[PDB]
Every structure is written in C-alpha cells, then in structure tokens.
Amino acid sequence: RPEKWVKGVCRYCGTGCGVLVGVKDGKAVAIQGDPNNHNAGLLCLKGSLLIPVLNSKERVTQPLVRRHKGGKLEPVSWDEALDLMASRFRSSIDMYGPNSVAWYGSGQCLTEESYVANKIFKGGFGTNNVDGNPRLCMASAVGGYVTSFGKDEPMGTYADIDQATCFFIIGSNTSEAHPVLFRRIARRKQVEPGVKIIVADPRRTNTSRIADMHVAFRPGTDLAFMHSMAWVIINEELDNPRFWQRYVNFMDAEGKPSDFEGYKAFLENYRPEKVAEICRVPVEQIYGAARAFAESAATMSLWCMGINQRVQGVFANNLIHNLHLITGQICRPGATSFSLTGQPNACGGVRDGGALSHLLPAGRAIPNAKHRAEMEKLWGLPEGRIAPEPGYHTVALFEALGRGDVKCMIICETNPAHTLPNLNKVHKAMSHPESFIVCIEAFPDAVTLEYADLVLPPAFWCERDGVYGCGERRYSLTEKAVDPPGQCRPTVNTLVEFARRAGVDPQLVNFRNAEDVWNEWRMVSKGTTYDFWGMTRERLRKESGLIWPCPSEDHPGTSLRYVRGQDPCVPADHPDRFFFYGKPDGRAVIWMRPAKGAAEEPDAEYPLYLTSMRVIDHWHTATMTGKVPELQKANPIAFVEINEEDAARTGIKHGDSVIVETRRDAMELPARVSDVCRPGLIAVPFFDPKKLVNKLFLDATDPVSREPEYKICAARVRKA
C-alpha cells in the first residue's frame, strides 16, 4: 500500500518513539516504528493504532461560535472568528491591562506553537499569564532539578537503561505509562539477570512483575522511606565521600548550609525500624532497597506522577537526587537520576521553551531583570515590555477566571474541564457569565468545549510539521504526512494571524510556518546551557532526533550533562571531571527536606486514601484513543480499585456498585476488588468522561512547583 513513509514522532507518551507514517494517494494507511530513533522500530499498541485516530471523521473541521452563554455552538467563518478573538482580547487589554488575558496550553503542542503563544502573550501583550498542563505534571520535577542541580531536565538519557545494574522505580507505573521504556528495562534484566529492580508504589502494578522487591508503602510516606534508605547507606558505609566531598553541598531542614555530619544527625530521625512502621512495610525492604541502590555498579532511578503530583513533590524529587549524590551514582553510563516525563512535549515545548507563568525561554526567569532585558533584546521589544511579575499558575489562573480577573482565555490542546483538580470548583470558574473562552480543539467530544465561546479547528498531529521534545532531551521532527481536513489550520499560522489582528507588532510574529519559528527559537537558545543552535531543520529532517546541548552543525548532541569531555557547557580544560554549572560553585545540593504527608490525610470520617492513575489502553481524556475500538476491549469504563482485605472486612464484593465519596463529591463506580491497592488505599482512573473523578480530588498544591496533589486525598466507600 504505502508509496512513501513520512518520519515523525508518536502522538502519545514522553517515551517519544519515532514513527514512520505510510501514505498512499494523500492518505495515511500504515504506521511503523522509526528504526533510527531510540525505540529502534518498536511501538506499543497505542502508537501502533494511530492511523484510525488520524483518519477519524469525528473532528472539529470548522470554526464555531457560541453567541451567548448557555447557547449552542454554531458555524462561523474563519475571518469572523479571528476578528472576534482579536477584538475581545484587544479590548480587554485596552480596558483592564494585559493581566486580564491568559494562555492555557499544553505539553502536546508543537514546540513552535507554544513558542509563538508564549511570545505573543509575554512580548506582545505584556502579560506573563502563560501556563499549561505541565503544571499538573512535571512542575515538581523542574523544582527538584533546579534546586538540586540549578538546571532543569535529566542529566542522563534512555541509553543509561542499558548499563544500569540497579533500577529504583518510584511513583511510576512504567508498564502502562511508558511501555517502550518498560520493555527496555525488562530486556536489561533479561540480558543481565544480575540486574536488581526495586518498584516503590502503594499499588501492585504490572511494573512490579519484573521487580526483585515491591515496596507497597502507605501513600505519602515515601519521603520518610527515602530518608531511611540514606540512613542505611551512611550507616553501612556505602556512601561515596570522594564524590560528595568534592561535588556536593548540604542544606539542613531550614534550607541553611550544613555538612555531612549535619546530614547524619538529621537522618537519625529516619531509622529503618521507625520508618517501616510509618510506611507500613517490612523493615527489611528499607535495608534491601538501600543496599541494592548503593552496592550496585550503576544505579538509575526513574519516577513519575506518584512522586510529582504531591504537595511535597519538589521535596520528594530532592530525596531521590539525595540518594544519587551521596553515592555518586551519577554522571556515569547506567548511573543517573531520571525523571520520566509524561507528555510528548512537556520538555521541549513548555519547560525548555519557558512557556510557564514564571519562566522565559531557554533557562531564563521572569523575576530576573537581566533575563528580561536579554529577551527584550532578542525579541526586539521596547524596554520594560516584559512584566517583572510571574503570571497566574494553572490553579490560580482558573481561580482568576472565576473571579473575573482573567476575562479572556485561550485553551489549546488540553481538556481542563475534565483534567483539572477540584472540578466542581473549576466548572464554576469556567462558567463566569462574562468570560470569553477560546478553544483550539481537534475533537468535538472534549468536555471543555461545553464552556467554549469560540472553537477553532486545528491541523492534527502529522497534518503539519513541528518539533516534540521528549523525556531524554531528544528533539525530533514530525514532517507533514497528509493534508488537514475541512478548514483545519496549523496553529502556528492561526496564532500569527490572531496576533496581527489583535494589534501585535508584526515584527514579533514574522513567521510563515513552523520552520521559521524553529530558527528564531534556535537563536534564542544560543549561548545558554540549552543551546540547540546546531539542530537545523535539515539535520532534524534526516536525523531521528538530536539530544541537547547541541551548539553547532558538526556537534553530535549530548548524552552526559555536567561531564567534562561529553557536555560542551563544561569547559574542555575545567579542573574537575564533573561540573554542576547550574550552581555558582559547581556543586550539587543534598536537601534535608522534612517528611510530612498529604494536604488531605484520612481521618475517622474519611478513613481511606484515594489515588488516581493511568491504564495502558487509554490516553488521558480518551478523545483520541476513544476512536480506536481495539483500545476499548479491556477497560471500557471507569471502576474503583479496592483492597481485598479492606473489602471483605466491609462487606464489599467484586462487581458491586459502590459510592466513592470525598468532602467534595460522591460518585457511583463498579468495585474492582483485589490486591493491587495496598490496605487503606482505593484508586480511580480518569479516562471516562461519564465519571469525572477530578470532582472528588482536592486542589492543594506544592507551594513551590504549584503542582496539584492528584495522587492523594481522603475518601470513604459504601455499597450503593
């Protein structure tokens, strides 16, 4: 069938598999893994069933306007839509200042789209109200990397998986969430049976079936668990003083300078016999995990939402880094502290791109007066155009919309009416009778469209070209494989036309296409520790991704950051083999963060922990994977997981309709009684739009990253 294969990237998870899209007579007919990208030709079942999604007729294909709140969506021309969008936004700024408008985007947006949007808002409008769904996700890992190393993003790559001799896998259901990486992990243990795997997660998932040890600790007690591991490492003389004496600093519980002796004193509060009882685990798991971690030749940690979606998320990230820093299990092949990124482009588009409320592109910060001046110079802005104040972070943004402080919002390639925490609160904010909400959305069944005043039809996935930056610092091009249907337009172009019409200086949006923007972005990264100047559109066309830092066309890219001879940001003649250059003295920092718990812990009235999780067949809100019949055959609808020994004790059996109730709402769900959830925990998925589980969850956030605690709240269950 296919006459040609078009190279791109899988639409789904931050594993970032390359994809070849097979096309015949302008239509996509087949898909295979890119043999030259890291996945080496392999896709999971989601990746492999992308053609039905791309070919679906169930698409937003024309602009729609709701003339009045509560009205119905009706057809409207592109020009009328762009004029309406431009005049409302312009008028808002004219009347109330830039802070009355906001961008709410996505880690699924092309890097180029998020770049243009971020520039329009911060540089054109003069507001820093640019945030996005990675606030819900990766913000705690950013905080953890910036506080430990002074720079965002992993220092290792997926390649370290192939030399790791121990895996510490915490708050990650890698099997269901990163299937191609899970297979690479399983394969490593297959090829070297000596490889040790620790899986640390209150639920027993498919990820545990390759583990030497499954640590089913009590929700929120993992900080005490990880401090206790460090206590064992030091107590049994398994630390690395040649490393930490030269390359580490110590900060105490107050965030003040300290030392190794201070660290040991602090760790006395986390002895294994005490912590085992806090965590509800056998004491031998603490010793066993610590010893596996520190005795192994090369140890790699991997983690995702169970660690990040936490009011102690930044701190929990810090503790993982602590373990690597005290042992020097870092900056060597196989040995690294690796945050897993959930979305295909949270890394490239939002974090690296600085498309969050407090950031500027390529490692710059809003509160830094010098970073503002650098961006005004790079972007051709008048002096002081960039507001000194961070804009609203996602949770505060929707609160601001609720108050009427934010009057005009663009929502793009994300579905916040389904996925924000505390939905009953959120749905009210999104119903402000004087709000103007514009949605750029590919599928009509996204529940957010029920709040939209204006809906614009986007080009989907490989209907246009653009870069995705996955979890390992790999930036990969998707070339255009097919035309968009109907009146669908590339969002890069829509954003440019919107800005022009809203009175933005045309010098600020001088872009015909995504390649034009990519070239300006390259220049804005030049000289920074992100420098990807060497990633020309032409190299990205021929390559299956390049890994930053990559400062010139003759540069291969970078696998080991902070390492002399590997990282071009480390001077060739630096006195030391390693250089944590994001800190002013080149040293990484161990943080003695106190272990606490969730914002909403169980009590007499709500005695269970409630968590939320993923499932392999379904992608987030299922507006895409929902179009694939094969993906509906195992878990067609939501359920609640309940512990066996909990349920029997409370007269609940498998299949029973149960009421799950928090302080915020109550929902009926079929009971899925087993040993997956440890005792005292229940668990709901969020893929089902008929069961908006975020109505049950609380909005409490990490006070630094502002990531919501989706992983923990308090609940009760009773038979319906």
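Sequential numbering from 1, following the sequence displayed.
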Determine, for stretches 276-284 and 639-647, which one has the higher mean CA B-factor as deposited.
639-647
Quick check on the record: does 132-140 or 504-512 carry the larger mean Cα temperature factor?
504-512
Highest Cα B-factor in the PDB entry belongs to which of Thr536, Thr207, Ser148, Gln312?
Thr536
Per the PDB entry, which option out of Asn308, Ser559, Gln329, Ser228 has the greatest Cα B factor?
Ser559
Using the B-factor values recorded in the entry, state whether the Cα atom of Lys542 falls in the lowest, middle or highest third among the modelled residues of its chain.
highest
Classify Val684 as lowest, middle or highest third according to the C-alpha B-factor given in the PDB entry, relative to its own chain.
lowest
Taking the values exactly as deposited, rank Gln343 by C-alpha B-factor within its chain and report the matching third: lowest, middle or highest.
lowest
For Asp201, the third of its chain by CA B-factor is the lowest
Quick check on the deposited entry: does the C-alpha B-factor of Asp259 sit in the lowest, middle or highest third of its chain?
middle
